[PDB]
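Undergrad: just to be clear, this is only the beginning of the complex, oriented as in the whole thing:
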Amino acid sequence: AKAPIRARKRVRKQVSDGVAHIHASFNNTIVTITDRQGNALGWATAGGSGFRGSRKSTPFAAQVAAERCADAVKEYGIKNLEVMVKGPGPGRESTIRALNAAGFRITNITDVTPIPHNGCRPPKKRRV
Amino acid sequence: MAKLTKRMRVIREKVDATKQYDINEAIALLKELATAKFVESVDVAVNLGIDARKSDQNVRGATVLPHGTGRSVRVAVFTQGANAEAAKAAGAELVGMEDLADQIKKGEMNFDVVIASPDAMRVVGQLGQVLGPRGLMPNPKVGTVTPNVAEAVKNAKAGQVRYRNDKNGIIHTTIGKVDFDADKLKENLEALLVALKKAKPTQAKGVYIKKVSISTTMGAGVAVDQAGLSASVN
């Protein structure tokens, strides 16, 4: 007779609020949830969400990474979020939009992107 | 085992249920420990330590107690009249076809064996061995089923009980009533302990006690330290 409801085995840790980091780049976007005190609570990515090819660097693929990730942290009973945004890729703002539409409350959309003060020499790519 | 109910925690501590004791004094205690208001029945679980793999393989049969079991081994006679009259007379529950054939098909039954001549089995067969808390079928796996109704019933009333290799490697058999003397139960228990040794297991050399434990209907059980020829051999 029985045909199932519960999505996973019973919740673990349980921290109520967390930080997310979206590393968006030209080839792929990675969304990683953490604790305030620095601990990965789970991740998912565009490439791991089954896109590959040119689809891997698209706002639509970025969204579907975020919703997949949102499932992985349900085991932690999280409700509130802050989000760090990181890099020049597409999906950069579109990933956030998927997190608020996941039912999460987002505290700050802090773009962090790491900028040399002139610093180390870039590669010279696309050459003539 | 015995329930979490508020008095039932109290009962299990005061009576000293489960854990080991010696055969004469365990049986004399077992009458004192009783949880039922009336005559409880006593059964033995006997562990043979080799083929728990196979339900057929370790020893099966029947054995003679000097005290024929009272309530347990409550024996009936299956036939419409095939040489009936002595087997019906002897003290058996019931002699017939129709009531026992309907009962056993519908499902549950409380009684031991209804003993058949060949023609009786033919009209209404038996089904299965998954008999759970309910044990109710004769079979060649019990092996005492050959072949006449007055013989097997009257021998039960004199002393006969059946014995069987259950899938744990465990042999479960009724030993008697707590109406019996501590002595009477112990003689019936000792007859069973020789019976498992007597037919000999296939890959094992005697009674081969891993554990023996004797339990009474609601009282509880007492695990048994010895092979029952007095208290201690040497």
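TA: That came through fine. Residues are numbered from 1 along each chain as shown, chains lettered A, B, ... in the order given.
Undergrad: how about the secondary structure of residue 63?
TA: The chain I'm using is chain A. helix (DSSP: H, G, I helix; E, B strand; the rest coil).
Undergrad: wait, I meant chain B there
TA: Residue B:63 - assigned by three-state DSSP - is strand.
Undergrad: also residue A:96?
TA: helix.
Undergrad: mind listing the strands for chain B?
TA: B:18-21, B:41-47, B:61-64, B:76-78, B:95-96, B:114-116, B:160-163, B:170-177, B:212-216, B:220-224 (DSSP state E).
Undergrad: only alpha carbons, please: show the top helix by length along chain B as CSV.
TA: Counting by DSSP state H, the longest helix found in chain B is helix B:182-198. Coordinates of each C-alpha in helix B:182-198 appear next as CSV, following Å, rounded to 0.1, in the frame of the first residue of the first chain:
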residue,chain,number,x,y,z
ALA,B,182,8.5,-29.5,39.5
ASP,B,183,9.6,-33.1,39.2
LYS,B,184,7.0,-34.0,36.5
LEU,B,185,8.1,-31.1,34.3
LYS,B,186,11.8,-32.0,34.9
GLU,B,187,11.2,-35.6,33.8
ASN,B,188,9.4,-34.4,30.6
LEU,B,189,12.3,-31.9,30.0
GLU,B,190,14.9,-34.6,30.5
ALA,B,191,13.1,-36.9,28.1
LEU,B,192,13.3,-34.2,25.4
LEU,B,193,17.0,-33.5,26.2
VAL,B,194,17.8,-37.2,25.5
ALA,B,195,15.5,-37.1,22.4
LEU,B,196,17.6,-34.5,20.6
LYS,B,197,20.8,-36.4,21.5
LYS,B,198,19.2,-39.8,20.7
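Undergrad: in that helix, what counts as buried?
TA: B:182, B:184-197 (16 or more other Cβ atoms under 10 Å in any protein chain shown). C-beta here means a position set from N, CA and C on the backbone, and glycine is covered the same way.
Undergrad: with the structure above as the base, add chain C:
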Amino acid sequence: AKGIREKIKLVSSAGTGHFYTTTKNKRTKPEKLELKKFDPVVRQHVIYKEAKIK
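TA: This next block brings in chain C, placed alongside the chains you saw above:
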């Protein structure tokens, strides 16, 4: 040692301890031998059995 055809033991089917030794092609037909032969211990002809097995 020899061939790929191999040695078997043909054991008497009387309970006496006696055997003949013989080689048999296991690969081509492994259908085990019956065959009747003399047993000197019962001093009569008896069926032999098996092929170096339990």
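Undergrad: sorry, back to before: what's in contact with the longest helix of chain B?
TA: The list of residues contacting helix B:182-198 from outside it, by Cβ atoms under 8 Å, 6 or more residues apart in numbering or on different chains, reads B:23-24, B:27-28, B:30-31, B:42, B:44, B:46, B:48, B:59, B:61, B:63-67, B:69, B:159, B:161, B:163, B:171, B:173, B:175-176, B:178, B:180, B:206-208, B:212, B:214, B:224, B:227-229.
Undergrad: so that helix versus strand B:170-177, what angle?
TA: 150 degrees (axes from the mean of the first three to the mean of the last three Cα atoms, to 10 degrees).
Undergrad: what angle separates helix B:182-198 from strand B:220-224?
TA: Here the directions of helix B:182-198 and strand B:220-224 differ by 60 degrees (the same axes, to 10 degrees).
Undergrad: quick one: helix B:182-198 to chain centroid distance?
TA: 12 Å (Cα atoms, centre = their mean, to the nearest Å).
Undergrad: for stretch A:82-102, same thing?
TA: On Cα atoms, centre = their mean, the centre of stretch A:82-102 falls 7 Å from that of its chain.
Undergrad: same thing with stretch B:4-16?
TA: For stretch B:4-16, the distance to the chain centre is 27 Å (Cα atoms, centre = their mean).
Undergrad: buried residues in that stretch?
TA: B:11-12, B:15.
Undergrad: just these: which are in helices?
TA: Under the assignment DSSP H, those contribute B:11-12, B:15 to helices.
Undergrad: and residue A:4, how many neighbours does it have?
TA: 5 (other Cβ atoms under 10 Å in any protein chain shown).
Undergrad: hmm, I typed the wrong one, I wanted residue C:53.
TA: Quick note: residue C:53 (other Cβ under 10 Å) scores 9 neighbours.
Undergrad: next one is RNA strand D, place it on the structure:
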RNA sequence: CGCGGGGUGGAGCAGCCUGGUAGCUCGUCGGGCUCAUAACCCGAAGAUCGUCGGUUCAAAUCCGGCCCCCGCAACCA
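TA: Next up, RNA strand D placed on what we already have:
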């Protein structure tokens, strides 16, 4: 001297272990695209397995002889 390996469609290679079985990449020819050639695409053709014999029902294959190509060896005082 001698010993061992080799002789395949126009080219280079595979299959060679008591065996019946012809495969790959090039090149070739026909059609196509292109102003036209190149390339690119599709289709097809091409070896009676060095040569002679023997064993075998059957041999490129195993066996023997000869020619041809390669590797090693042809010393010791």
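Undergrad: mind redoing the buried residues of stretch B:4-16 now RNA strand D's in there?
TA: B:11-12, B:15.
Undergrad: same deal with stretch B:90-105?
TA: B:92, B:95-97, B:100-101, B:104.
Undergrad: again with stretch C:12-28
TA: Buried residues in stretch C:12-28 (16+ other Cβ under 10 Å): C:12, C:18, C:24.
Undergrad: nearest to residue A:84, of those residues?
TA: Relative to residue A:84, the closest of these is residue C:24; by Cβ to Cβ it sits at 79.2 Å.
Undergrad: what sits against that closest one?
TA: Contacts of residue C:24 by Cβ under 8 Å, 6+ apart are C:5-6, C:8, C:33, C:51.
Undergrad: show me the buried residues of stretch B:90-105 that map onto helices.
TA: B:100-101, B:104.
Undergrad: can you show me the strands along chain C?
TA: C:6-12, C:19-24, C:36-39, C:44-49.
Undergrad: can I get those strands in a markdown table including distance to residue A:84?
TA: Converted to a markdown table, those look like this (distance: least, Cβ to Cβ, whole Å):
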| stretch | distance to residue A:84 |
| --- | --- |
| strand C:6-12 | 75 |
| strand C:19-24 | 79 |
| strand C:36-39 | 91 |
| strand C:44-49 | 82 |
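Undergrad: would you turn the buried residues of stretch C:12-28 into JSON lines with distance to residue A:34?
TA: Supplementary listing: the buried residues of stretch C:12-28 in JSON lines, determined by distance: Cβ to Cβ, whole Å:
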{"residue": "C:12", "distance to residue A:34": "81"}
{"residue": "C:18", "distance to residue A:34": "82"}
{"residue": "C:24", "distance to residue A:34": "73"}
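Undergrad: can you tell me which of these comes closest to residue A:128?
TA: residue C:24 (82.2 Å).
Undergrad: show me what the closest one is bridged to.
TA: With DSSP bridges applied, residue C:24 shows beta-bridge pairing to residue C:6.
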